[PDB]
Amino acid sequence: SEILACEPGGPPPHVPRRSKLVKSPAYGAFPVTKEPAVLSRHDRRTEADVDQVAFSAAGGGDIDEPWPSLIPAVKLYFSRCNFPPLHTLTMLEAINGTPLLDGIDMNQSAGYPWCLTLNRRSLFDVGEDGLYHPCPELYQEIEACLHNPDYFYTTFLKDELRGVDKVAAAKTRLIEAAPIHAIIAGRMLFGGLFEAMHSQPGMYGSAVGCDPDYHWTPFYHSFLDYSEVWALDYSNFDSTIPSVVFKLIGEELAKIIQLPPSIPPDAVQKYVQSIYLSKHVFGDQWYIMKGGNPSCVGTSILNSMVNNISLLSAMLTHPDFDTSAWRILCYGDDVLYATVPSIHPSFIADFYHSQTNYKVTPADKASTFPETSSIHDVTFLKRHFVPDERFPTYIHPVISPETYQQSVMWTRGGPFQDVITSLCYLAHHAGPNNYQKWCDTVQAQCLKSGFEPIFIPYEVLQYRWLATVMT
């Protein structure tokens, strides 16, 4: 991306420098390979400056002109999508939801400048209809955003567990939140698109809105015409996305989305411009990012499309690419793809280096791509695909054991049993006795700390999984 000067928008917010993650009653259970990310510039665990490292991948440059295969990739992706005319959501639908899209999370931040003196719930009144209505001040900001999407993302250091290597290097990610009036305006303009995609994960090359327990089965079987399936990940995807890709997507969506009379006719392109030419506030640092996208559900939908377009623009340069025999599945920077004939991720990586700012790598910190790869070797959202031993047509999402082995050793301050319960939903897919080994190890450590954990029985988790997957 490219970082530009920006006029301040008011009183600056505060960047939290202390982690909410504290050691849990199970902290000694497994060898500690993860710790809370560096948030303070004075953290003793690192010799680096976190504010410097966290922004080091930004400002590397933006691409304004399309590379020769980019426009063909745009046409190819939208040709396969075959979207019918889409419409906008009403303001009340964008707030409270539709049969195909849930309402907003009232517990999330209200964003700038609301998040200075007010939370999200305070800005709404429950009407006699039983739905949430915006207060007269929020309604007017949503309206003004539809005519001029001028708003600030609040930027913070993401408080989360990280590998001990990333802690020592102060490599902590950024979390950026849009304001509530920009979110509701965005759910109005693009809610028809969000409905179509979020309610059909696996279609349009996007996995956004998926439930891994349920969708791992159709995801798995969708890659069955292919002998080789590839996984790859982007480093600094949210900074390296060029403006030109978002701009081209906005022009396609402008022709698809039908606008109501109260909305200016270029609102689609103008809102997308507020995404790739965005305003940010990080503490008292006010700046504009040209290129990239702040790292939200709507942004994950557009990021999926960006990822699909970018990958297709790489495959279109391969001499043997069959424009009809391919499938892509994306969630953010996470990607599965397969082509016939198989295109090795080496080829995509080399094309990206010569024409874009994308730096692409294996999905398992493997530092190299395997010579071959199948649906059984691949990981997607940190999960393998493993058929059930008794009903092999149904596929378990088997997350890496490091996920729930490390997470259980930390808490954010709630009832610790809630941490144990939510990890049971991830861990039981490893098999009844691998699940038991995790439960037994966690219980022995908790006993020394004065806590008695209760684990959901394996029979409950396996039955309910088979029930939802339609067994």
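Note that residue numbering follows the sequence shown and begins at 1.
Where coordinates are absent for parts of the deposited sequence, a chain break appears; between neighbours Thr88 and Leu89 there is no such break. The question of which stretch, 423-431 or 58-66, has the higher mean Cα B factor is settled in favour of 58-66. When the C-alpha B-factors of 103-111 and 361-369 are averaged, 361-369 comes out higher. Looking at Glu160, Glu252, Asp238, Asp213, the one whose CA carries the top B-factor in the deposited record is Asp238. The PDB entry assigns the greatest CA B-factor among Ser313, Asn119, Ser199, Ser274 to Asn119.
Ranked by C-alpha B-factor against the other modelled residues of its chain, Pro265 falls in the highest third. Compared with the other modelled residues of the chain, the Cα B-factor recorded for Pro31 ranks in the middle third. In the deposited entry, the Cα temperature factor of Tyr132 sits in the top third of values across the chain's modelled residues. In this PDB entry, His147 carries a Cα temperature factor that places it within the highest third of its chain's modelled residues.
Annotation for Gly298: C-alpha temperature factor in the highest third relative to the rest of the modelled chain, per the entry.
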